[PDB]
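What follows is a short report on a single structure.
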Amino acid sequence: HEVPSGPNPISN
Amino acid sequence: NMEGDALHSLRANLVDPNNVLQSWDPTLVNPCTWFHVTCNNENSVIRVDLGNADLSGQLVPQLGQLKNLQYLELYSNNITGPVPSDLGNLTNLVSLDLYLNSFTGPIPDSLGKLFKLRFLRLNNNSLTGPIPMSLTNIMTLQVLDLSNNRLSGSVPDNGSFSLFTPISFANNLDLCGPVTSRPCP
Amino acid sequence: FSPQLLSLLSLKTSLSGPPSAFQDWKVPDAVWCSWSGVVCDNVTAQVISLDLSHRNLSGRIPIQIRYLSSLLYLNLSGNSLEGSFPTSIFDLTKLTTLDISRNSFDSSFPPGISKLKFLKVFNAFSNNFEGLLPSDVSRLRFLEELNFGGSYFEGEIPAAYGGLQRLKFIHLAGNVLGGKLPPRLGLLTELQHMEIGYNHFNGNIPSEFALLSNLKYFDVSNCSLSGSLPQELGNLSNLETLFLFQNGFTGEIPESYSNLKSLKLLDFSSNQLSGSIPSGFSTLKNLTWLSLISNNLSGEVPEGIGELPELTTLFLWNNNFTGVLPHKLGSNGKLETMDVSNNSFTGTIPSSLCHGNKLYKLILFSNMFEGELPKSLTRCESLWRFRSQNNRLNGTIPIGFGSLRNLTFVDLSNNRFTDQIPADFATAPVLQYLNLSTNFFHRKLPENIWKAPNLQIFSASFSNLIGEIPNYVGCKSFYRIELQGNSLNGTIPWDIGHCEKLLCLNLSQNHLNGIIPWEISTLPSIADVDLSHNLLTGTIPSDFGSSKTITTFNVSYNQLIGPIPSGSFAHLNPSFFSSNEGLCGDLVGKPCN
Ligand SMILES: *[C@@H]1O[C@H](CO)[C@@H](O)[C@H](O)[C@H]1NC(C)=O
Ligand SMILES: *[C@@H]1O[C@H](CO)[C@@H](O)[C@H](O)[C@H]1NC(C)=O
Ligand SMILES: *[C@@H]1O[C@H](CO)[C@@H](O)[C@H](O)[C@H]1NC(C)=O
Ligand SMILES: *[C@@H]1O[C@H](CO)[C@@H](O)[C@H](O)[C@H]1NC(C)=O
């Protein structure tokens, strides 16, 4: 199990 | 962008020596700004056109999750592997063109589940097994080309298959029927 | 020989791995201390450090450990090995450091962990653990760093944990953990880094959390936490990172936050936050990333954001915001990426956005923006993705776009842009998408247009176009062309068979005439063709029915005459050819011969 880290990426 | 993740699954399992998929960016709000993907005004994917992309490798069953997918064009590529029964999970699919590839395995009976389907071309592939009868329940079917394969079986003449000349089923392994040359048991 | 040696040897053989891993460990006096991964205490020969990781090594972890008693360091990482965690390791006890991370260990976490006690660093990150967080670990007073994340840990966060006075760093992130976040947590005074996200929590952020002074990194993201954002948080003066994104937070953003002067990255995205932005936000001069994406946020954007010397990533998209963008925006010269789309933003685009030429992704779309398009924007080298669709931008379009070696995506569709389309547009080397559609142009396409080196999609549809359609000269990369809805006259070029990759071509609602070139019968992948509502007259090409790829031909409302092809055309829809009074065949109903 690896987990996301950081600011939220989603983009346009 | 669920279907984005799906299209990206396909991408990841895929060999793309020329980087056409290179525009396919999982962190995008949806894949409607992707190349080779075409969405509607509701921003769901209705089209994927990868024909002639020199793609190798295979497909993932995740392709089922595109609920509004209409035209899926994968033809003329090095894509091998099997054909996912989860393609039956695509209802609004009007056209499925997988032709000119290395695909192996059966033609999924789940394909008999696409009732908006008009064009079906698996021709010039490596496919084996019989021709699923449920296919005959698609009365929207216009063009069926199963020709040039390993297909074993007997060819249906009922339902939509009423309209099909032999040029559709030509050049296979043992195939038997009145739609063809040589009858059977 | 020495128990150290029996131990290391037994460890060697009990771990199945590629022989490359243990290559140097064979025995002929204090020999084992040479070995790779082993470090011994130079007086005592005892093995005080054992690092073996990314060794592609799987297996069971020997019970002949604890035979090396004075051992202060144990690192096993990335090696895929599963089990219930060994309780044997707890009996090592001089350990100050233990990394079991990125492995497969599962089931529960064995209770005996407090036996270590002098333990500083524990990293269990990325394993298959299930079960409640061991409460037991709460009793090592000297524990500094604890990473339990990357597993699936059921149950709540033991409040007991708030009692590790010396704890600097805490990672529980990416587990199944749940419920209310225990207030007792504000009692780790020494605490710097806290990452607990990606689990499922509810309730508020405990006000008591304002008690961690030394706190820097705080990420609670992707949880269910809700309610108001606590004012009190404005008091962590050391805080360089705050990620609250994807939760249920509500009400206005407290003005107090204007007080983290050390704040660098702030991400509030996908929440319910309402009301304007703090006027005081203009004051964080250490701020790099600012992301408010997808909230209920309102009011103008503080003019003061114009210069934050360090501002880099600005995401305001998907709110209802009003007023001008801060006008000196981008002048800090470090600006990289901005997306303000889906708002009520009005006024003029800042001239200085690229003042430093570090800017690549610019999304201005679906706004109330008026006025001309910044000329300075053609001076931005880094420009790669630009989408301005659905705005009031006016006047002629700026002329310098073809310079940029990096620019691959452009949407100007639905604006008030008038006059000429820039000529250099098809000279620009990388540009893969161009949408100029639905504008006021009242001019014509460039000769350059079809020469675009890599350009896939092009849409000028419904902008007031006029004139002949420039001959396609070495049509290269184009798969989709929408020229429809205009005043274009003249004829469909002789050479159109130059676009091999062409798929959908919509040419309809125009002033076109002459014939329909046979060359299209030879476009190899061609799918959709919409030619309707023109003065086109001539015949429908002989060999077209021989194409396995056309599913669409709409020639309706034209002057066409002659027979329709028997071919793929048999499977076509009659109403395609209607209002062509001169066609004969089956699908028009009137026979030839
Ligand atoms: C299809 O199959 C046959 C037999 O393998 C092959 O010789 C023929 O050239 C193929 N057609 C195409 C489109 O290349
Ligand atoms: C005949 O065709 C129908 C579809 O109309 C199919 O359901 C049925 O299984 C086929 N079999 C026979 C022998 O009738
Ligand atoms: C353990 O080892 C891995 C690789 O050797 C390293 O990247 C990691 O930082 C180490 N952990 C600690 C905290 O000692
Ligand atoms: C801002 O950041 C720099 C670099 O980390 C640092 O020197 C300075 O202490 C910070 N200033 C503030 C306002 O904390």
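Here Swiss-Prot sets the residue numbers for chain B, with the shown residues being 30-214 in order.
Looking at the header, which is where the method is noted, we find X-ray crystallography, 3.5 Å.
Using the three backbone atoms N, Cα and C, a Cβ is placed for every residue, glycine included.
Checking the candidates B:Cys68, B:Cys205 against Swiss-Prot, the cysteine paired with B:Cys61 through a disulfide bond is B:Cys68. When Cβ-Cβ distances under 8 Å to the region 'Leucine-rich repeat receptor-like protein kinase binding' (B:100-105) are tallied for each of B:45-85, B:126-129, B:174-197, the top count falls to B:45-85. Closeness to ligand 2 is met by B:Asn187, these being the glycosylation sites among B:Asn107, B:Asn118, B:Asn153, B:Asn187 whose Cβ falls under 6 Å from the molecule. B:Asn118 (N-linked glycosylation site) sits 24 Å from B:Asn153 (N-linked glycosylation site), counting Cα to Cα. Its Cβ placed at the centre, B:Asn187 (N-linked glycosylation site) has 10 other Cβ atoms within 10 Å.
For B:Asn153 (N-linked glycosylation site), the same-chain residues 6+ apart in sequence whose C-beta sits under 8 angstroms from its C-beta are B:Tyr128, B:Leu129, B:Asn130, B:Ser176, B:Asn177, B:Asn178.
Secondary structure of the region 'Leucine-rich repeat receptor-like protein kinase binding' (B:126-129) per DSSP, as helix, strand and coil residue counts: 0 helix, 1 strand, 3 coil.
For ligand 1, the neighbouring glycosylation sites among B:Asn107, B:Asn118, B:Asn153, B:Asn187 are B:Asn153, by Cβ distance under 6 Å. DSSP classifies B:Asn153 (N-linked glycosylation site) as coil under the three-state reduction. The separation of B:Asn107 (N-linked glycosylation site) from B:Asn187 (N-linked glycosylation site), Cα to Cα, is 33 Å. Just so you know, the Cβ of B:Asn118 (N-linked glycosylation site) picks up 18 other Cβ atoms within 10 Å once every protein chain is counted.
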